Every structure is written in structure tokens, then in C-alpha cells.
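In: Compute the structure for the input listed below.
(7 chains, ligands or ions: 10)
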Amino acid sequence: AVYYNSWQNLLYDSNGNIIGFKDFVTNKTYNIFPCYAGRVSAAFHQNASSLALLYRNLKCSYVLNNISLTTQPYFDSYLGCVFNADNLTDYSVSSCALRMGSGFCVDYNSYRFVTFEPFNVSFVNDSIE
Amino acid sequence: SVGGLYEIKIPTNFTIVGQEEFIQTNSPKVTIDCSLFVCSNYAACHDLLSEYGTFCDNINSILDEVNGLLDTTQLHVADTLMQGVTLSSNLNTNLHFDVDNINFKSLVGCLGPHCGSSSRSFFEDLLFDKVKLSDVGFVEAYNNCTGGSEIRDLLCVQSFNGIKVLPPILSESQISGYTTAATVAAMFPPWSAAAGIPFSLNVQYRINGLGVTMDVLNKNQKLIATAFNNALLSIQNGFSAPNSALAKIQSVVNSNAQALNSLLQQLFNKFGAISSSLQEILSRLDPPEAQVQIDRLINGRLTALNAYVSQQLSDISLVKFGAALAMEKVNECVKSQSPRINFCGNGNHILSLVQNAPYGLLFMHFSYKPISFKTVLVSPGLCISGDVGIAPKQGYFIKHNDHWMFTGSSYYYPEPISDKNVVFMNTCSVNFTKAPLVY
Amino acid sequence: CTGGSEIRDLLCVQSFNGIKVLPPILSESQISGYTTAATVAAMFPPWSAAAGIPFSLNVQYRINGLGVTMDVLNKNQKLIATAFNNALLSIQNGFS
Amino acid sequence: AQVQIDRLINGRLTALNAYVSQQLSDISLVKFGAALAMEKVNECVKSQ
Amino acid sequence: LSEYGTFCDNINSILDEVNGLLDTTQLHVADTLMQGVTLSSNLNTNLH
Amino acid sequence: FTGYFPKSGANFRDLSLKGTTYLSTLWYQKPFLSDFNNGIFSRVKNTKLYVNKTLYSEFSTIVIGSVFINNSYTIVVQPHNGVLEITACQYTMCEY
Amino acid sequence: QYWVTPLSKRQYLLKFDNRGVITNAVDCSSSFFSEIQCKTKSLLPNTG
Ligand SMILES: CC(=O)N[C@H]1[C@H]([C@H](O)[C@H](O)COC(C)=O)O[C@@](O[C@H](CO)[C@@H](O)[C@@H]2O[C@@](O)(C(=O)O)C[C@H](O)[C@H]2NC(C)=O)(C(=O)O)C[C@@H]1O
Ligand SMILES: *[C@@H]1O[C@H](CO)[C@@H](O[C@@H]2O[C@H](CO)[C@@H](O)[C@H](O)[C@H]2NC(C)=O)[C@H](O)[C@H]1NC(C)=O
Ligand SMILES: *[C@@H]1O[C@H](CO)[C@@H](O[C@@H]2O[C@H](CO)[C@@H](O)[C@H](O)[C@H]2NC(C)=O)[C@H](O)[C@H]1NC(C)=O
Ligand SMILES: *[C@@H]1O[C@H](CO)[C@@H](O[C@@H]2O[C@H](CO)[C@@H](O)[C@H](O)[C@H]2NC(C)=O)[C@H](O)[C@H]1NC(C)=O
Ligand SMILES: *[C@@H]1O[C@H](CO)[C@@H](O[C@@H]2O[C@H](CO)[C@@H](O)[C@H](O)[C@H]2NC(C)=O)[C@H](O)[C@H]1NC(C)=O
Ligand SMILES: *[C@@H]1O[C@H](CO)[C@@H](O)[C@H](O)[C@H]1NC(C)=O
Ligand SMILES: *[C@@H]1O[C@H](CO)[C@@H](O)[C@H](O)[C@H]1NC(C)=O
Ligand SMILES: *[C@@H]1O[C@H](CO)[C@@H](O)[C@H](O)[C@H]1NC(C)=O
Ligand SMILES: *[C@@H]1O[C@H](CO)[C@@H](O)[C@H](O)[C@H]1NC(C)=O
Ligand SMILES: *[C@@H]1O[C@H](CO)[C@@H](O)[C@H](O)[C@H]1NC(C)=O
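Out: Numbers count the residues shown, from 1 in each chain, chains lettered A, B, ... in the order given. Ligands and ions are numbered 1, 2, ... in the order given. Below is the structure:
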């Protein structure tokens, strides 16, 4: 940073939060960012012995390296990191009790992360011309 | 009236005009983590907030219900778009995209799952690219909150404070797939969304229903088809400039962003306490005085959430009624042509088409527009032969070559009087023009 | 509210305490102009608010559409017109 | 005086929140009444 | 009251939005009344 | 932000006085001798003079105090061609 | 020239640029336009 004059050491936002500082001893400058906070979205089916967990908008590398390591299988879905569900987005269901958003469903037999397609076209093989 | 005749301006030429109508059918699914909003991670605040009992459970339950209503509404809209849609499996939109000189390719994305999410039409692409915070826009914005970027995205500040917009249960890509299917269902056999007949014939019969003789329509089919595709192009070009439908779509995103920013700003309100920061209170005061200051923040923040939730309930009632109207327009303007005059937009409504839009549907209403007019003397009825009364069907009686003839009320073209264009009466009314030598 | 009257209007007390009804963007006089225009548009050429035909013929075709023969309906024209204007007077008298 | 005035402020601010919630709800009914009126103008007055 | 922060700004903003909906609704009703209305310049209040 | 700021639209008073030899006793009375109250904002022209083409900076010295007697402290802000000497001392201020 | 004007405790809108320099300011209670600039926290309010 170059915005600190000789008398300035703290950078503030319009709400009065400290968002950066120039260290008085080393003159090095740092931006301050809020620690990550959020929610886990747990999909549960009454017939299951466990939960399918969606860490919305987080990559699995972030969840495992910066939130909590776990023994459950995982993959990066479009919606974020999914735990304890099999990646089967090439499969589809017309009804869904565990609607995750953006056309994704959690289906229980293990849990499967699958596409939600509630409506289809009635197709006919008749000629177009 | 002179004799039994009145002066009327009857159209001599016409064009097709296209009019856009954005109807909001959905809204951002805002979710609030009440205790993370009110207290963040300060254990002294969470201890006090637990004594308010059910207040946060009520806030969470009301927003879960409101979001369930939005989800149920989106499914009901998607069901309405897909209802009755039957398509040929031979339909390949890379080849099959214009018919009878009417060009649909801008309204039709790739059909079937083999193209992936690319089922969005060129017209829908041209509309979604002007709105940053679509469903995918929110997902991409939240995906960047842990990307390590120096940019302080306000959505990241909101979500770390527990305010997060969840994606809708059906992606806007799926809804554009359903509007694509509903659009091609009108242009190819079995014409399952165009009353079972070719689209150009449905346009022709709809214009005829306005009181335009079929003779001028079936000779001017090229002019009608080009007027229709120019009307559609004028709608698309209309999005490159200030537009009331585009502004309405952006107002949905802007009002949501304003409400979420206003809710986040409530974390900086002091509510009469020494500071809005729980860290500053806990680093200045002992437990008994800190509790007094933290309780003011808890009451202010819980009051702010209650006000926000009450406003959100009220706003989603408008979204539910907006979606009900959009469904009614899909059924009564797009799939069928209901006999309701200004329901499907203003003027002489011919037909309507639909396309997906951020949080709603874009209806394109096509109307018959008179270009020029002829002033003519018309008779609303004639008294003929044995005093039999005749009234013109969707038209007027006209003196042409000093002979009684009929003209459609929406296009000046004199044609012979016949049982095809007449309503008979066993006795003529008073003031009907006496014409004993007719038929 | 700035008047010297001893009778304090409750609306003046409300507006001095910041509670005030603002006038609508279009005056009721303008809306009355629009309902007047929408009404005369039904009775004179081009009859743009009455399917493009004389108001009395629209009345007659509407009654005929209920399953009333045009024969009795076009000989009773003055009885129908007086019944119509008596119905309108009954609405006006209803406000008394 | 601040202690007494803050009680008046919380009461009066709570009264404004209640009134604003009431007004939001009432105007939603007015919008649906206006939609019905426009539908009757179009489908009962201008056409049948 | 200034130490309560944005409370009065929110009350004003909600009433301004609600009143903007009433204004927009009144314009849509007037537009609906005037839609397609064509009159002869020869109409006069005293004779017709 | 709330701070010690000028009133926008208020007037600035040019209190600078340039003399050659004579000093007027009226220069040392109201309205020149002014009440300090909360404080003052000063906009000061740097009168840049030249001697043998060498630049010199001059501007009026300001004194702030109460009674201006050695039983009280008087703040003096005086320029010395690029040096601003600021002192607060029990000065025996002159009459003129 | 030694121009002086009185100071007082006043609320001002202060605008800082991308390099932290105060480029503009508004004395909120000085005029009705200043009041709108401070209310909207903007140097050029929207037409309204
Ligand atoms: C506050 C004010 O009013 N300030 C002005 C000043 C006074 O009114 C004057 O001092 C008062 O006098 C009293 C108290 O009796 O007058 C000035 O202008 C003078 C003419 O008015 C100026 O030309 C001087 O003229 C001489 O004839 C003379 O002695 O006055 C010869 C001298 O060499 C020359 N100084 C030069 C060369 O700068 C000045 O300077 O003094 C301009 C100042 O802005
Ligand atoms: C941090 O920056 C300040 C200047 O902003 C440095 O202070 C100056 O240091 C030089 C070299 O010793 C002196 O000639 C100046 O007189 C100092 N100015 C002031 C205002 O103190 C300081 O030395 C820097 N510290 C480090 C560790 O880099
Ligand atoms: C998440 O955890 C990883 C692994 O500990 C962190 O990785 C460090 O990243 C920085 C650069 O960003 C490197 O300088 C370090 O060498 C990495 N390893 C360690 C052990 O620190 C990562 O920074 C953490 N947080 C985020 C936001 O990614
Ligand atoms: C989840 O499963 C789907 C289906 O197999 C994967 O999508 C396919 O991935 C392969 C290899 O990257 C591609 O060749 C295909 O074209 C993809 N098909 C589709 C429909 O996209 C998807 O990559 C899997 N997800 C994860 C994180 O493993
Ligand atoms: C009538 O049938 C002909 C085909 O026999 C259609 O003509 C095609 O129309 C498209 C435009 O939609 C042109 O690009 C093709 O070049 C035409 N092909 C031929 C062989 O002429 C025509 O569209 C049909 N409809 C009408 C109303 O004429
Ligand atoms: C769950 O178990 C019940 C019987 O307890 C059964 O009827 C139902 O079909 C099961 N559902 C699934 C998804 O396994
Ligand atoms: C959609 O396709 C699947 C294919 O297995 C079928 O089960 C379903 O009944 C179809 N229709 C609907 C409306 O889901
Ligand atoms: C359509 O499907 C039926 C049933 O399989 C078959 O008899 C018919 O030949 C098919 N028609 C075409 C054009 O493929
Ligand atoms: C109708 O109007 C268009 C545009 O002005 C013109 O090109 C065309 O020749 C006109 N046709 C008739 C029959 O007047
Ligand atoms: C997310 O970050 C990437 C990389 O900086 C950028 O290309 C993209 O435009 C960002 N998207 C959003 C919506 O923030």
C-alpha cells in the first residue's frame, strides 16, 4: 500500500471497521479480512443411518484444509463440496424430497447426488416436415 | 348519422408490433442464520440470546416457509410451461428453426439434454447477460468468498454475517429449457402449443378474428411473416437501450440488494449502546455491564430481523400473485388465445410468445397495428327484402360502386354481402338503412 | 392548519406530529376525465369502447346472446332503453 | 432524562414498525383490488 | 434517536416504496381506462 | 463525520492588516480583536516576495489568548520564511 | 490575506478518493441541498 501518510496507520471502512493497518514496528502493510463463517446444509432421509452434507459454495480442498478433515467420501458439486453422497448427476429423478437447488437432488436408496427433472416433453417419432 | 350511415376510420394498411412484458415469478431465496447474524461468534452474546428462546427459531421457520412457497411456485410455473407440450423426436434446432418465412432461431436454444445447460435461447442469453445477480450470479459471487481475492464483495460480508441467497430448486437453465420446449411446440407438428395447426395459419386466423378479410391475409403472407419477424427483432434491439422490461428485471435485483444491504447495516446500529461492536463492549465492560449493553444490541438486531421477515412475507405475496398472473398468461396468451381483450397486453392482440428471464418470464405480445386509415360511411345494419334485418359480422356495410357491400372492421376491403359475413333477424330494427333490392 | 379557527382539525394535530397524507400523483379530477372519456367512447362513433357499433345495438346483441329472440328485442327498443335509463337512475337514487 | 426518553423512543419506534407492517399489508390488498378493477374495465366495460 | 442509527431511514424508505406502488398502480388504472379510447373532436358537453 | 468545521455559506473575514510606518489604534479593537469561542478556520495567502530574484515567504502572525497579560498563556503562530514558529508562553503582549 | 471564519461542532459528509485524499465535503445542515447530499451519502443525488 501507498495510501498511508506519516501520521496514519489504520485503514477503516465506511462502517468504522478496521480493514487494514501499517505495522508501527516494521512499516509492512496488511489488509484485514473476516474469518470464514457459514452453514452446512444437511440432507437427511428417514431410512438412512447418516447425513449427506453440502458445504454451499466451498471447494472440498477448502473444507478439508481450513474447516475440518473427515473420513466420509466427497466431491466438488456445482453447489459446493458434497460429503457422503455419490456423484451421479448424469442420472435424473422426477420427484425429490431433498431438493438442493439449481436442479440438483439428493436421492436415498447410500445417498446419491442427482439431477432433479420434474418435467419432460412427451416425445413422438412422427415426421417434422 | 346522414341517412342511416356514420363516418368511421377503417385501416387500409397494417403492421405487426411486438410489446415486451416482464412478469416476476420468483425472487432471491434469502436465508438468515439468526444467531450468527445477531451474535456472530461471541459466546457472551450467544449465552444472552439463548434466554430469548424461540425468537430465532421463529425467524428461521418463517423464512423456510417463504422459501418453500417460492420453490412450490417455481415448480408450478415450470409445470404450466410444460403442460401438454408434445414434440417430435426428429426435431433438431440446429436445422429446424424457421417455418413459413417466420424465423424462430433467436427464441429456441438447443433441444434435449445432450447439449447440457446450453438450452438457453439467443434472446434469453441477450437478457441474462444484462443482470449480474441471476441464480448463477449468486453462486459465482459466493464461490469467490474463499478465493483469496483482495476485493471486498458485499455479498461475502453479508454471507459471513449469516445473510445468504440460496439458489432456486430449478436452475434458470432448466426454465429456459421449458420455455424453449413451449416455443418449438408452437412452430412444428403436432403444434401442441398453437391449437394444433401451423403457426403461420394460427397468426392468419387470429388476425382474421379481428375483422380482417382472409383474402388480404393469404395474399400478404410474406408481408405478415416479415412484419412478425421485424416485430421480434424490434423487441431484441429494444434491450440494447433504456427499456421498461429490462429496468423491471433489474429492479428485482436492486431491491433485493438494497434490502440485504439495509439488513447488514443493522449490525452497525448502536441501538443506544456504547458501541455496535460486541468485541468493543467485551473489551471495555465487566460481565454485568457488558450484559446490559449486549442486550440492547440483541433487542435491536432481533427487532430488525422481525421487521425484515414481516416485509419479506408481504413481498412474496406479490411474487405469488405475479406468478399466478404469469401462469394465466402462459395458458391464455401463449398456449391458447383466450377471448379477453387487454389481458395479453394492449391493442388488437394477435398472439403471444414466452421466454425465460431472471426471476420471471418475458412475454412478447404481438398486436395488429393499423398504419393508415380511410374515412368511410358505414351502416351498422340493413333492412332488406321482406323487411328482414341483417347485421354485419365483425365488420360494416359500405356503399361501394353505389352498391351495398361488406368490409371487415379492421381492414378496408369491400366484399359481397353473404351469409358468411351476416347475422340475420326476422324483422329489421328501427334506423337500419332501408335497402329493399339487397339479396 | 395555519388558520385562526378555534376548531382544531385532528388532521392538523397529526401533520404537526409528522403524520401527513400526500395527494395522489393524478388528481381525482383527471381520473374523472378518463372515466368520462371511457364512457362517451361507448355512445358515439367510432364506438371504440363498445365493439365499434352503436351502444343500443351492443345492448340488443348482448341481450340476444342470453337467448332472447331479436324480434321481440328490436320492437321493444324504447322499453329496453327506458328500462336501462331507469336502472341507471335507480343506481343514482341508491346513494341517497 | 436519557433513561426516560429512551423508553419513549423504543415505544414510538415499535409503534412505527407496527404501523409500517400494517401499511405494507393493506397496500398489497389495494394492488389486488386495482388488478381486479383493471380486469373489469377491460372485460366488462370495454368488451364483454 | 441519532444513536439508534438507520431506524428512521428504514421507516421512510418502506413508506416511500409503498407510496411508489400506489402511484404506479394509479398510472396503470388510468392507462387501462384510456387504452384504445378514440373520440371525435366534434363532441361537446352541452349538445351530445 | 462530526468535527470542528466551518459553517458552509458563512463569511470569511480578511483580518490581515498591512502598515508601512503608522499603526492605527482602531486596528487593535473590535471587529479585528475577535472572540475565539470553539475555534477558527484560517485560509492564509502566502505573500511570496522577491529580493535579488530569491523568493521569500511572508504572512500575518496570529495570537490566541484571553487577556494577553504575562499572568496568562498566549499562543503565537508566526512564520519565518518556511519555518512556522509556534509558542504558548506567558508573554508581556504589547498594547499595539 | 488572512481569511478567518468560526468553527463549531458540525456533521459533514466527507468524500475520500482511491488515494485517501478528502476531495469533497458537505456541511449537512447548511442548506436543503446539503441535507439531501448527506441523507443519500452522495455528492450528486439521483433525480427525485
Ligand atoms: C490596513 C490598511 O489600510 N492598509 C493599507 C495602508 C494603510 O492605510 C496606511 O499605512 C495607514 O496609515 C496610517 C495608520 O496613518 O496603506 C498602504 O498604502 C500606503 C498609502 O496608503 C503606501 O503607499 C505607503 O504610502 C506612504 O505615503 C505612507 O507612508 O503611507 C509612503 C509609504 O512608503 C508607502 N508604503 C509602501 C511603499 O508600501 C501601506 O502599505 O501603508 C497599503 C495598505 O494596504
Ligand atoms: C517507518 O517509517 C518512518 C517514516 O514514516 C521511518 O521514520 C523516519 O526514519 C528516518 C531514518 O531513520 C529518519 O530520518 C526520519 O526522521 C524518521 N521520521 C519519523 C517521522 O520518525 C521509520 O524509521 C521506519 N521504520 C522502519 C523499521 O522502516
Ligand atoms: C487453508 O489451509 C492451507 C494448508 O494449511 C493453507 O495453505 C497455506 O497457503 C499459503 C499461501 O496462501 C502458503 O504460504 C502456506 O505455505 C500454505 N501452507 C500452510 C501450512 O500454511 C491456506 O492458506 C489456508 N487458508 C486459505 C484461505 O486457503
Ligand atoms: C459427476 O458425474 C458426471 C457424469 O459422469 C461427470 O460429468 C462428466 O465428466 C466427464 C469427465 O470430466 C466428461 O467427459 C463428461 O462430458 C461429463 N458429463 C457431463 C454431463 O458433464 C462429473 O464431472 C462428475 N463430477 C465430479 C466432481 O467428479
Ligand atoms: C410453403 O412450402 C415451401 C416449401 O415447399 C416453404 O418454402 C421454404 O421457406 C423457407 C423460409 O421459411 C425458405 O428459406 C426456403 O428456401 C423455402 N423452400 C422452398 C423449396 O421454396 C414455405 O415456407 C411454405 N410456407 C409458405 C407460407 O409459403
Ligand atoms: C423407506 O422405508 C419405508 C418402510 O419403512 C418404505 O415404504 C419406503 O419406500 C422407503 N423409502 C426409501 C427411499 O427407501
Ligand atoms: C420423465 O422421464 C422419466 C424416464 O425414466 C420417467 O420416469 C418420467 O415418468 C417422465 N415424465 C415425468 C413427468 O417425469
Ligand atoms: C415409431 O415407433 C413405432 C413403435 O416402435 C414404430 O412402429 C414406427 O415404425 C416408428 N416410426 C418411425 C418413423 O420411426
Ligand atoms: C403498407 O405500408 C408499408 C410501409 O409504409 C408500405 O411499404 C406498403 O407498400 C403499404 N401497402 C399498401 C397496400 O398500402
Ligand atoms: C469470481 O472470481 C474470478 C477470478 O477472480 C472472476 O473471473 C469472476 O468474474 C468472479 N465472479 C464473480 C461473480 O465474482
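
In: centre of the chain versus the helix or strand hosting residue B:297, how much separation?
Out: Residue B:297 is part of helix B:287-329, with elements assigned from DSSP states H and E. Centroid separation for helix B:287-329 versus its chain: 27 Å, with CA atoms, centre = their mean, to the nearest Å.

In: ok and the helix or strand that it is followed by relative to helix B:287-329, angle-wise?
Out: On the C-terminal side of helix B:287-329, the closest following helix or strand by DSSP H and E is strand B:348-357. Following axes from the mean of the first three to the mean of the last three CA atoms, to 10 degrees, one obtains 140 degrees for the angle between strand B:348-357 and helix B:287-329.

In: Strand B:348-357 pairs with which strands?
Out: strand B:360-379 (antiparallel) (DSSP bridges).

In: Could you find the closest non-adjacent residue to the residue of the stretch 151-300 of chain B found nearest ligand 1?
Out: With CB to the nearest ligand atom as the measure, residue B:270 is the residue of the stretch 151-300 of chain B nearest to ligand 1, at 51.6 Å. The way it works is simple: take the backbone N, C-alpha and C, and place the C-beta from them, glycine included. Among residues not flanking residue B:270 along the chain, residue B:276 sits closest, at 4.8 Å (CB to CB, 6 or more residues apart in numbering or on different chains).

In: Residue A:20 looks like it's in a strand, true?
Out: Yes: secondary structure of residue A:20, determined by DSSP: H, G, I helix; E, B strand; the rest coil: located in a strand.

In: Is it correct that it is in contact with residue A:33?
Out: No: contact criterion CB atoms under 8 Å: residue A:20 and residue A:33 do not qualify, at 9.5 Å.

In: and the residue of chain G found nearest ligand 1, how many neighbours?
Out: Each residue of chain G has a distance to ligand 1, by CB to the nearest ligand atom, and the smallest belongs to residue G:1, at 11.0 Å. Using other CB atoms under 10 Å in any protein chain shown, residue G:1 has 13 other residues around it.

In: Contacts only, for it.
Out: For residue G:1, the contacting residues are F:14, F:16, F:43, F:44, F:45, F:47, taking CB atoms under 8 Å, 6 or more residues apart in numbering or on different chains as the criterion.

In: Show the buried residues in those.
Out: Buried members of the contacts of residue G:1, scored by 16 or more other CB atoms under 10 Å in any protein chain shown: none.

In: Which ones among these map onto helices?
Out: Filtering those for membership in helices, criterion DSSP state H, returns an empty set.

In: Next to ligand 10, which bits of chain B? Give me the list.
Out: Within chain B, the residues that sit near ligand 10 (CB under 6 Å from any ligand atom) are B:140, B:141, B:144, B:147, B:149.

In: Return the distance of residue B:415 relative to chain C.
Out: Here the criterion is CB to the nearest CB, to the nearest Å. By it, residue B:415 lies 18 Å from chain C.

In: Let me fix that, I meant to ask about residue A:100.
Out: Separation of residue A:100 from chain C (CB to the nearest CB) stands at 45 Å.

In: Check residue F:29 too.
Out: 47 Å.

In: quick revisit: for the residue nearest to residue B:270, which three-state class applies?
Out: coil.

In: now the strands for the stretch 101-250 of chain B?
Out: In the stretch 101-250 of chain B, the segments counted as strands under DSSP state E, counting those that start in this stretch are B:102-103, B:163-166.

In: Looking at the residues of chain B next to ligand 10, state which has the most neighbours.
Out: For these, neighbours were counted using other CB under 10 Å, and residue B:141 has the most, 19 neighbours in all.

In: So stretch B:321-330, near chain E or not?
Out: No: using CB under 8 Å from any CB of the partner chain as the criterion, no contacts between stretch B:321-330 and chain E are found, and the smallest distance is 12.7 Å.

In: Provide a list of residues in contact with the residue lying farthest from the centre of chain B.
Out: Distance from the centre of chain B peaks at residue B:286, with 57.6 Å (CA atoms, centre = their mean). With contacts defined as CB under 8 Å, 6+ apart, residue B:286 has no neighbours.

In: What is the nearest of the contacts of residue G:1 to chain E?
Out: Sorting the contacts of residue G:1 by distance to chain E puts residue F:43 at the head of the list, at 30.7 Å, by CB to the nearest CB.

In: Against residue G:7, how distant is the closest one?
Out: Counting by CB to CB, to the nearest Å, the separation of residue F:43 from residue G:7 is 13 Å.

In: got it, and residue A:69?
Out: For residue A:69, the distance to residue G:7 under the criterion CB to CB works out to 60 Å.

In: higher neighbour count, these two?
Out: Neighbours of residue A:69 and residue G:7, each counted by other CB under 10 Å, are more numerous for residue G:7; the result is 17 against 7.

In: Pull the number of nearby residues for the spatially closest residue to the more buried one that is not a sequence neighbour.
Out: Distance criterion CB to CB, 6+ apart; nearest residue to residue G:7, sequence neighbours excluded, is residue F:39 at 3.7 Å. Here the count is done by other CB under 10 Å, and residue F:39 has 13 residues near it.

In: who touches residue B:245 in this structure?
Out: By CB under 8 Å, 6+ apart, the contact set of residue B:245 is B:20, B:21, B:22, B:239, B:362.

In: what do you get if the cut-off is 6 Å, keeping everything else the same?
Out: B:20, B:22 (CB atoms under 6 Å, 6 or more residues apart in numbering or on different chains).

In: in chain F, what residue is nearest ligand 4?
Out: Of all residues in chain F, the one sitting closest to ligand 4 is residue F:1 (50.3 Å; CB to the nearest ligand atom).

In: how much space is there between the residue nearest to residue B:250 when sequence neighbours are not counted and residue B:179?
Out: Taking CB to CB, 6+ apart as the measure, residue B:250 lies nearest to residue B:131, with 6.4 Å between them; neighbours along the chain are not counted. With distances defined as CB to CB, the gap from residue B:131 to residue B:179 amounts to 16 Å.
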